[PDB]
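Heads up: the structure comes next, in structure tokens.
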Amino acid sequence: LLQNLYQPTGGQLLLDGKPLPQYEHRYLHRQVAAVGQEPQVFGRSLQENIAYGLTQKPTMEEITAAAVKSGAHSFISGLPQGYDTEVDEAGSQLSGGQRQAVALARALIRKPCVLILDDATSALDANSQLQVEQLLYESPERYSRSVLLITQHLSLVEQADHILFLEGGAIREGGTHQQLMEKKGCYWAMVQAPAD
Amino acid sequence: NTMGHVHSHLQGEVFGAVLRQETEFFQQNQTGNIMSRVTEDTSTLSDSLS
Amino acid sequence: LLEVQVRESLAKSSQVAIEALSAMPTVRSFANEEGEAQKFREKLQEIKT
Amino acid sequence: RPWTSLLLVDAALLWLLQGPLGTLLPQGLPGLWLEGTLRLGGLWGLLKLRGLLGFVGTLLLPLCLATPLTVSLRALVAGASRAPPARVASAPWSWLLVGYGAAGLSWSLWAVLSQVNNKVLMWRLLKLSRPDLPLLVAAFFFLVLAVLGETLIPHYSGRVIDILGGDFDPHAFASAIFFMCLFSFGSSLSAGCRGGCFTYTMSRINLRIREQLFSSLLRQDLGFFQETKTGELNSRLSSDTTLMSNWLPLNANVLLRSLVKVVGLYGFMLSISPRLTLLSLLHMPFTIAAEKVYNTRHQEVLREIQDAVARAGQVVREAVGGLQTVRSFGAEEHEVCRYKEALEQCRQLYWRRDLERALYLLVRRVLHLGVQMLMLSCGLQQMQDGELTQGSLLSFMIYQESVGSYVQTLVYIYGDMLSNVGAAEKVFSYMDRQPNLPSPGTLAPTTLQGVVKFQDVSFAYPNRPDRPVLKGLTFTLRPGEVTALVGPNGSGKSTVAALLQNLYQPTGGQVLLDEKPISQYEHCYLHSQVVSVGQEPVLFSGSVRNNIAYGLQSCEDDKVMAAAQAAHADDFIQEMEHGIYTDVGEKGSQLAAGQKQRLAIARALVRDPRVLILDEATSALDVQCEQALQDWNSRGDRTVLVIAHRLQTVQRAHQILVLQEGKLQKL
Ligand SMILES: Nc1ncnc2c1ncn2[C@@H]1O[C@H](COP(=O)(O)OP(=O)(O)O)[C@@H](O)[C@H]1O
Ligand SMILES: [Mg+2]
């Protein structure tokens, strides 16, 4: 819904105080960027995957900066052809975690105002997890964007400014980590479920 | 030459129209089906036309 | 009407082929090449009729 | 240099043969033959001595024996009663000039004229068309009947015309009309049956091609699908198959009619005038040379066209398959631009093909007009000389033009069929490709313990063999115990899973199931006893029941329900519109990620596998389901390999194997 793929049946969803359909297609989709749950990678060079949909082709400096931010520079640089490494149609060359890093670099190269991360840390290794934590809660650019962090890694959720427990399609509770832990509601039960 | 131009223009128009649809149009119509309609139906139509 | 049916059957065959050839590790990991072949053959049988 | 030397030596030899040497030689046909042999011998010797026979030898035998041989043929057709022929050297310069021109033109035609791949592909097409033999027999029978009736219609048409033009006798008019109608009716019936049979044969051949190509593709190794693209394979399967059978109804009919008629027409024109009949063969060299050139160009352009069509199909495949990702970057216009560029390339290739074909048709029309003018001139000269009468000349012109048209049609249609069959070379290549896999096994033991053993297994993907992924892995998996394979991304854990399922072969070492190589087990038994829950499960469009029992010939609904219950998929299955008969969507699109993982787990568990490989089977799973599916997988008689990115919910495993950069690390 936040990417304008579907229109809400009820209520209203406002970006900067105006509905998403009132914004231009490409403007909206370069101002709101999302890393999907199973990110799709096309059969092209990693350079063309990272910059996919930009009207003005970015310079390699921008692409490498995005890869550094997402942690994809480490493995892309080590490839025999580097950023010119043609990717398979299904992206089978890129292992799980590397594909998510490439998708995150693709999202970040746009410098979006809204950044959605949909279970984007499931496959990232320790280095990329540290990179995403730095990007969220430490980077100077965090002040220029809002992040919707859909996840199940409580390490990042604990630092989240706000937490929303969407259970059954409705938000059963919300607030900071301390408030939810005090309430001992669904969030506390989920956190202490493994400890049971 | 004219028929080649017609064929190319028609295929491009069909592909653009398909891509202009909504997100659920691609859950009712499956990838191979749409691909066959775009690539094969147009080609046969144009050959018969010419 | 006849040609509409023919095009629809060809499209269904294309769907079967595209779906099978895109998940070959999954088809082979369950030894189901014969089933995909059977689905394709059913669509071809419609086209033949 | 060589040409001037040839001219000088030829002039010297002719001058010598004109002098006292010629007087010794006899007069008549033997004299000309001996003079030609002496000329050829002198030229051959004087060129072998001077070492200029490397490329001028081909022109020697014609140039020296074109004049005598010609004369002989004349004396064999028009008779030798005429005056004895004159010697080459004694003949004026015009004969020598015409001989030089004839030798040069024949040399050029033979250079142009001097295929096996096309012949073998056509033989393969005939082998594939063998099952349609009865239909072809019926079509040939109906074709023969149609020709026989069409030979009878003209007599009664002419009778009707004559009756109308002259005295009108109603009885004769009615009889002629009746017989014309009768024969037209019969011929039309036969023609319709013939056309229907040919069309049905073409359709059957097309469907057979498609089925065989798809069944062959399904047998290929996985590197074949890594090195190819799905959209291009579909483009082959839906367009090159059409090309392979796109001409039978028309080309076959035309070829067979022309074949039936040419022999009789040649017999007739031999009956009228063998001399002019031999003259009429002037067209064949040029026809065949032009056909060869055009066919080469045509086949090349057809192959390029098919390649471009495949590329455009791949563009559409990627754009539509990943629609939600292109639409989430506002990149539909980019995809349309890419497709339009591909279509422009295809259009330019089409234009080249059509332009070349039009130019070829123009060229052969010009050839036909010129040869007909030449034949008319020669026949007029003969008629003036008194050799043949006006009626004979007209009849021969009709017959010879008809045979010329028939032969040109035969050549063109045969070349067109060869080009169409050979442009679809990748279809035959895929149908005849041999998978890079070991020979199928035959072991289907009733009882399987499940003891797996990797022994010094080293693996490198055949697409990139220069980069090893596994380096001397060695371990054992025992039944009733759990082994947790843990390591960072790119370690090679999914490679271990693929090797354990026999999807790839190790470049070194062995993978043993019950002390025997895993490649020695039957395909179906192996993959029903060794099952895996993949990293990102792939579902297929259809009912949930089919997805769960995907690959089982007969699985009862109770087993499907039990598998769903075991995987905790029954909770959300009953909330669907139709339960287990609800369509999941292409790639399981109408589902949540955890629901897809649970469905994959249920599919894996429905088989009661002896070896179970859970490759990140609990990544996209909520904490409650992760805890629920913790360790009940094992039942004391099942080997389990739980691949985990980290040491998460795996410390309850009997054995722990850490893998880093393709190397196993001891605890
Ligand atoms: N189909 C393939 N063709 C070529 N190289 C591949 C293929 N699949 C994987 N690789 C390479 O082999 C490596 C092995 O890692 P892999 O086992 O796929 O991931 P992980 O170790 O995270 O389970 C990958 O990182 C990739 O570089
Ligand atoms: Mg893996």
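Basis for what follows: all heavy atoms, side chains included, without hydrogens, waters or symmetry-related copies. Just so we're on the same page: letters track the sequence lines, and every chain starts at 1. Ligands are counted one by one from 1 in listed order, and the atoms in each one are counted from 1 as well.
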Self-check item: Pick from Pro465(D), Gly91(A), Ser95(A): the one approaching atom 19 (O) of ligand 1 most closely through a non-hydrogen atom
Solution: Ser95(A)
Quiz item: Hey, mind stepping through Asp221(D) and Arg28(C) against salt bridge (charged side-chain N to carboxylate O under 4.0 Å, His left out) and telling me if it holds?
Solution: CA-CA 9 Å; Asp221(D) 62 310; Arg28(C) 186 174 313 287; over 6 Å; no
Quiz item: Considering distance alone, does some N or O of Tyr504(D) sit under 3.5 Å from an N or O of ligand 1?
Solution: no
Quiz item: Going by atom types only, do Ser95(A) and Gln98(A) share a side-chain donor-acceptor pair under 3.5 Å?
Solution: yes
Quiz item: Do ligand 1 and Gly490(D) have nitrogen or oxygen atoms that lie under 3.5 Å from each other?
Solution: yes
Quiz item: Does at least one non-hydrogen atom of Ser92(A) fall below 4.0 angstrom from an atom of ligand 1?
Solution: yes
Exercise. Write out the residue and atom name of the closest protein heavy atom to atom 27 (O) of ligand 1, then the distance separating them to 0.1 Å.
Key: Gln93(A) O, 3.6 Å
Quiz item: To which of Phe459(D), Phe225(D), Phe75(A), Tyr461(D) does the heavy atom nearest atom 6 (C) of ligand 1 belong?
Solution: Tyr461(D)
Quiz prompt | By salt bridge (charged side-chain N to carboxylate O under 4.0 Å, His left out) - contacts of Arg219(D) (at least two apart) | solution = none
Quiz prompt | Contact summary for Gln100(A) and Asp119(A), nearest pair of heavy atoms | solution = OE1-O, 4.0 Å
Exercise. Heavy atoms only: give me the nearest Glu38(A)-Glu536(D) pair and the separation to one decimal.
Key: OE2-OE1, 3.3 Å
Quiz item: Between atom SG of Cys625(D) and atom CD of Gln597(D), what is the distance when rounded to the nearest 0.5 Å?
Solution: 8.5 Å
Exercise. List in chain and number order the residues that pass ring-ring contact (aromatic ring centres under 6.0 Å, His included) with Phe329(D), two or more places apart in sequence or in another chain; answer none if no residue qualifies.
Key: none
Please output the side-chain donor-acceptor pairs of residues 495-503 of chain D that fall under 3.5 Å, not counting sequence neighbours, one pair per line with the distance.
{"residue": "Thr495(D)", "atom": "OG1", "partner": "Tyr461(D)", "partner atom": "OH", "Å": "2.7"}
{"residue": "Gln501(D)", "atom": "OE1", "partner": "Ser532(D)", "partner atom": "OG", "Å": "2.6"}
{"residue": "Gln501(D)", "atom": "NE2", "partner": "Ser532(D)", "partner atom": "OG", "Å": "3.3"}
{"residue": "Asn502(D)", "atom": "OD1", "partner": "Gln505(D)", "partner atom": "NE2", "Å": "3.0"}

Self-check item: Option whose closest heavy atom lies nearest to atom 3 (N) of ligand 1, chosen from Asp88(A), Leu79(A), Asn463(D)
Solution: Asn463(D)
Quiz prompt | Numbered atoms of ligand 1 (with element) below 4.0 Å of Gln226(D), judged on heavy atoms | solution = 1 (N)
Quiz prompt | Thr31(B) and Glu586(D): side chain donor to acceptor below 3.5 Å | solution = yes
Quiz item: Are any of the N/O atoms in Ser494(D) less than 3.5 Å from those in ligand 1?
Solution: yes
Quiz item: What closest approach, in Å, do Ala460(D) and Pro468(D) show between heavy atoms, and which atom pair accounts for it?
Solution: CB-CA, 4.0 Å
Quiz item: If you count the atoms of ligand 1 from 1 in the order shown, which ones are under 4.0 Å from a heavy atom of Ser491(D)?
Solution: 20 (P), 21 (O)
Quiz item: Do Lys471(D) and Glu661(D) meet the salt-bridge criterion of a basic N to acidic O distance under 4.0 Å?
Solution: no
Quiz item: What atoms of ligand 1 come closer than 4.0 angstrom to any heavy atom of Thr495(D)?
Solution: 14 (C), 17 (O)
Exercise. Flag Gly96(A) as yes when one of its N or O atoms lies below 3.5 Å from any N or O atom of ligand 1, and as no otherwise.
Key: no
Quiz item: Could you give the distance from CD (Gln595(D)) to NE2 (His568(D)), rounded to the nearest 0.5 Å?
Solution: 14.5 Å
Quiz item: Out of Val469(D), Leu485(D), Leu470(D), whose heavy atom is nearest to atom 13 (C) of ligand 1?
Solution: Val469(D)
Self-check item: Number of protein N, O or S atoms [distance to the Mg ion (ligand 2) under 2.8 Å]
Solution: 1
